[PDB]
Amino acid sequence: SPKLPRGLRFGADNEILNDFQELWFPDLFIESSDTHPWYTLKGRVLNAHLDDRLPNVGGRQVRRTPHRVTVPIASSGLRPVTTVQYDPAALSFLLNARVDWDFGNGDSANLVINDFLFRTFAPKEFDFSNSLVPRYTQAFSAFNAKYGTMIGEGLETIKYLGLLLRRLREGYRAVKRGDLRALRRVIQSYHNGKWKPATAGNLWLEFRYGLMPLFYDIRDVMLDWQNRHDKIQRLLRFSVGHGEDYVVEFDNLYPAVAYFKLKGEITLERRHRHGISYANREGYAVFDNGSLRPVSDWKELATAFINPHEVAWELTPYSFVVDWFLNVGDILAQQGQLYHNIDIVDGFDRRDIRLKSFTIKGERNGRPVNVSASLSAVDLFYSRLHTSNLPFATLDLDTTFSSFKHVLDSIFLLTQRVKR
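Residues numbered from 1 in each chain as written, not as in the entry; some residues may be left out. Heavy atoms only, no water.

What the deposited record gives as its method is X-ray crystallography, and the resolution it gives is 3.32 Å.

In the nomenclature of the PDB entry, the protein corresponds to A2 maturation protein from the organism Enterobacteria phage Qbeta. Per the PDB header, the entry is named "Bacteriophage Qbeta maturation protein". Its UniProt record gives the protein the following Function (literature references left out) comment, quoted word for word: "Induces host cell lysis. Inhibits host MurA activity thereby blocking the synthesis of murein precursors necessary for the host cell wall biosynthesis. May be responsible for the attachment to the host pilus. Makes extensive contacts with the viral genome." Quoted verbatim from the Subunit (literature references left out) field of UniProt, the annotation for the protein is "Interacts with host MurA; this interaction inhibits the first step in host cell wall synthesis. Interacts with the capsid protein." (UniProt positions renumbered as here; feature names shortened; annotations may be inferred.)

Now the structure itself:
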């Protein structure tokens, strides 16, 4: 859509939304651009010093997708998968060879071929679903066993943040009430030695400095939670795949005016991988990236009470701490939605062809000839299509994480119950 890059699109209130029809079902253009139009011979053959520069094969024909760009799809959501295509009619390779031999009545040569390309049949069509769906199912059945302790351990952390925020609120409340007794009773728990001067009662100083042990406990937990939460969300991405070798033979290619014939075998790696993406079913369609906060925001909130030079204590303290509570709640609620309605939102079925090494054999008129060569691949196959269904999905994550959301929503309401 004009005014925007390929992958983006304006929303209902002119938001920066991913054009899913362009990312997932893009129009394919054919590229025939001759990438390596020349090749060189630089040596001697049968007492004829050659230093030529010759054209190699053309008619590249590569079906491929236009470069697009994306914005995130859930709260601290990674970017959605984009459908990609690079599908040649045939695989192209560049040969940098030294062919040399000395025999017969001055029937000698030693020449350097460079950037001479040839193509081979492309084995684009393969499916490894039979190797993948076992691996998928094994991953699903095993999941609750593997992470069950890790997940519940991260759950324990978030409940404990709730205890600290609760305790902090008791503290704040006492200041708002003016009850210095109760404030010092809250402070008292953090030092085993029970001391209380009362040289001059100052609620806000005693709050700010008295509750340092708590602010430290909070910081640590807050940061630990974020780290455990970000690890947990990664569990929703599931990827499985399998690779297999394949051999294609190239033969009777004559560089240098048919003085000699080369032949060989290339060992390819055909690989198939499949990914699936669990997230909030509501979230992906119209996720406003403007409503999304930076990761720095949470990390800053943890330390805000620690922040040595803070003007606001001296002149607008009630606002300062109430605002803090609201920002914290807000972020926790936003995370609460990430354990709410879990389904598969995105995923991919990618197959490609890589290059493992090769053998060259060079024969002249029936007679073997020494050949020493380097191979680099120009055109190889790669096809990654988006899919959002997977018949084999066993998991009911909603009930795995049901406990999580209840806690995050509980804490959120606690933070709303703070008053100026």
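Having seen it, we continue.
K.L.:
For the overall build of the protein, give the residues involved together with the corresponding values.
P.N.:
Of the regular secondary structure elements, the protein holds 10 helices and 15 strands. On C-alpha atoms alone, the protein measures out to a radius of gyration of 33 Å, which is more than a quarter above the 22 Å that the 2.2 N^0.38 rule sets for 420 residues. Referenced to the eigenvectors of the C-alpha coordinate spread, the extents of the protein come out at roughly 115 × 50 × 45 Å. Per-residue burial over the protein gives 44% buried out of 420 residues. Contacts spanning at least 24 positions in sequence make up 78% of the contacts within the protein whose residues lie at least 6 apart. (Helix = DSSP H or I, 4+ residues; strand = E, 2+ residues; numbered from the N terminus. Rg over C-alpha atoms; globule rule 2.2 N^0.38 Å. Buried < 20%, exposed > 50% of the residue type's maximum accessible area, 1.4 Å probe, protein only. Contact = heavy atoms within 4.5 Å.)

K.L.:
Could you give me a rundown of unusual backbone geometry, with the residues and numbers involved?
P.N.:
Positive phi is not limited to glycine here, since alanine 256 has a value of about 45°. Counting through the fold element by element, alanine 256 comes out in the loop between β11 (237–253) and β12 (261–280). If you check the backbone angles, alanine 258 has positive phi at about 50° while not being a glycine. With relative accessibility at 53%, the residue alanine 258 sits in the exposed group.

K.L.:
If you had to explain the packing of helix α2 (residues 129–177) against helix α10 (residues 402–416) to someone new, which residues and values would you point to?
P.N.:
Think of two packed helices as two axes; the pair is described by the angle between the axes and how far apart they sit. Direction vectors running N to C along α2 and α10 enclose 15°, while the axes themselves pass 10 Å from each other. Between α2 and α10, the angle is such that the two are roughly parallel. α2 and α10 meet at a crossing whose hand is left-handed. Every residue of α10 that contacts α2 at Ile151, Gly154, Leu155, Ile158, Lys159, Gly162, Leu165, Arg166 and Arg169 is listed here: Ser403, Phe404, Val407, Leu408, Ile411 and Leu414. Of the residues contributing to the contact of α2 with α10, the split by class is nine nonpolar, three polar and three charged. (Axes fitted to C-alpha atoms, helices over the stretch in contact; angles between N-to-C directions. Parallel < 35°, antiparallel > 145°, perpendicular 65-115°, else oblique. Left-handed = near helix turned anticlockwise from the far one by under 90°. Nonpolar A, V, L, I, M, F, W, Y, C, P; charged D, E, K, R; others polar.)

K.L.:
Just give me the short version of the pairing of β12, but keep the residues and values in it.
P.N.:
Looking at chain direction, β11 and β12 are connected through 16 bridges and run antiparallel. Bridge pairing links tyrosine 246 to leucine 268 in β12. Here β12 pairs with strand β13 (residues 342–364) via 20 bridges, running antiparallel. Pairing of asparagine 280 across the sheet is with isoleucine 342, part of β13. (Pairing = 2+ DSSP bridges.)

K.L.:
Tell me about a positive patch on the surface, and please be specific about residues and values.
P.N.:
Residues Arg166, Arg173, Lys176, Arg417 and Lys419 make up a contiguous surface patch of positive charge. Inspection of the secondary structure puts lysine 176 in helix α2. (Patch = residues over 30% accessible without salt bridge, like charges linked within 9 Å, V, L, I, M, F, W, Y side chains within 5 Å. Areas by Shrake-Rupley, 256 points an atom, 1.4 Å probe, with all protein chains shown as cover. Salt bridge = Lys/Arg side-chain N within 4 Å of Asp/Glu carboxyl O. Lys, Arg positive; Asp, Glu negative; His and termini not counted. Charge placed at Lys NZ, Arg CZ, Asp CG, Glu CD.)

K.L.:
Run through a nonpolar patch on the surface, naming residues and quoting values.
P.N.:
On the surface, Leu46, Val257 and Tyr259 cluster together to form a nonpolar patch covering roughly 300 Å² of accessible area. According to the relative accessible area criterion, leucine 46 is partly exposed, its value standing at 37%.

K.L.:
Provide a residue-level description of helix α8 (residues 317–336), including the pertinent values.
P.N.:
Counted at 1.5 Å a residue, the expected span for α8 with its 20 residues is 28 Å, and the 29 Å between its end C-alpha atoms agrees. Burial within α8 is extensive, with 14 of its 20 residues counted as buried. (Expected span 1.5 Å × (residues − 1).)

K.L.:
So what's going on with the packing of α2 against helix α4 (residues 203–210)? Which residues, and what values?
P.N.:
Here α2 crosses α4 at 165°, and the two axes come no closer than 10 Å. Classified by the interaxial angle, the pair formed by α2 and α4 is roughly antiparallel. In this structure, α2 crosses over α4, and the sense of that crossing is left-handed. Across from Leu168, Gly171, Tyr172 and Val175 in α2, the residues of α4 making contact are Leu203, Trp204 and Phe207. Looking at side-chain class alone, the contact of α2 with α4 contains six nonpolar, one polar and no charged residues.

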